[PDB]
Every structure is written in structure tokens, then in C-alpha cells.
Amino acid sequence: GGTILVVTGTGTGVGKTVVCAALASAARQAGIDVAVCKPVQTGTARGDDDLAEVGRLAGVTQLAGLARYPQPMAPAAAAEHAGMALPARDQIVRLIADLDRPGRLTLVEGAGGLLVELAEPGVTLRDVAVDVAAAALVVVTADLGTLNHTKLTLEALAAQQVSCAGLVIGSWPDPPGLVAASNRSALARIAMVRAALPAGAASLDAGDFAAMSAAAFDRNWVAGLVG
């Protein structure tokens, strides 16, 4: 098959989606075919749609969803609120498995952070990553607390032998501060820091985003993600 990356993060609202659109855009401009997948989508009644936003920003056409829930809460709670069920583990794995093609990078965004339940019983993105033998890209903040949460997540991946593809700082302030700079320096000591997307990257139009995406990642690391 090809190259599957779950794009997780240290929590909700850390830039997972914008990192998916950014790595996809950079991969695309490098010649890579790119699929982006969002198996569990909460908050649709407030207009949350990460797939739609990834296409808006990077022009990705190959966009796969499965389960959708109106309320902006944990998938488990969003589902029970609507009288609906969470997808089964094998439904998520099948959705991804179908996208996987040689020479294609498939990106899988979770809901919130690594151990949020996506399927009953207690099935997380970590288990999905194990089933499709994926590596995990961990989107982190530069804010304080980030180091505790990053190391908690890297430990959670390594306990299941899910390989860490690295970190992406999902928002980077221009210019940083003392904590923001110490965080970055401390992050880059326990894991490779693939990118640092400028804050507000989610407001850039096509070209700027594509310009940002290409400079945001080391072209060699991208093109090396999928042979």
C-alpha cells in the first residue's frame, strides 16, 4: 500500500486540521497524491467541518468522512446526545484502508487528542493507527503546558509501538516570547519539529497558504514520506 499518517495532537483546537491542509498542500506540490480522512466529526450543528476546511485551504479533493454529530462535544457524548452510535473500530479501519494506495499520502485527523474515544468500547485513534500500521504526527502548541502534554502523548504512542513522525507547532506567534521560545527549544529536544505554521494560517488564501505550506515543511522530509 502507501503511507498512512494519523495527525493527532495534544488536545482539541491545537491546529490538527490546519496542519493536515498544510502537509497535504506541501506534499501535493512535491508530486505526492494526497487523501485526507476525518472518520469522526463533531459539532456540525455549529458548522464544524474539518474535511471541508482542508479542501478549502489546500484544494485536496480526496476527502473521506464517516460519522457526523451535531453537538460540539466529545464524540461519545455528541453521539449519545443525538440518539446515534459511534462507528465500530473496523468501520474506521476500513474507511482508511480503502484510501491507502502506493505513492499516496493518506492523512487521518482524529477528534480532539490521542485518547479520545472514537469507537466503542474505548477505541482510540491510537488503536486505529496500530491496525493500519500508521505513524503519528503530533500537533502541539507553543503555550505553557505544551511540554507535559507532548511528552504524555509521545509516551502514549510508544506504549503501543506507534511510531512518532514528529511534531508540528500548529500556531506560531510573530514574534514569540520567553515561554514560547523555551517551549520550542525544549520540544525540539525530545522530538523532531517538522513545522511551525504562522498563526492565522487558517485565514490565508490559496497562494499564501501554498506558499506558507511549502516553506513550512522541509521538502525533503515530505517527499521522503512516501516512496
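Numbers follow the displayed sequence, beginning with 1. What we label the rigid core is the largest C-alpha set whose atoms superpose within 1.5 Å from one form to the other.
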>> Once everything is fitted on the core, do the CA positions of 139-147 or those of 112-120 lie farther from the shown form in 8 other deposited structures of this protein?
In response: 112-120
> Looking at the deposited entry, does 9-17 or 213-221 carry the larger mean Cα B-factor?
Replying inline: 213-221
> So 21-29 or 203-211, which one's hotter by mean CA B-factor in the entry?
Replying inline: 203-211
> Considering only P75, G83, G112, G122, which residue's Cα atom bears the greatest B-factor as recorded?
Replying inline: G83
>> Among the choices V40, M192, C37, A45, identify the one whose CA B-factor in the record is greatest.
In response: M192
> If you rank the chain by CA B-factor, which third does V168 end up in: lowest, middle or highest?
Replying inline: lowest
> Is the Cα B-factor recorded for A67 in the lowest, middle or highest third of its chain?
Replying inline: middle
> C-alpha B factor of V138, ranked within the chain: lowest, middle or highest third?
Replying inline: lowest
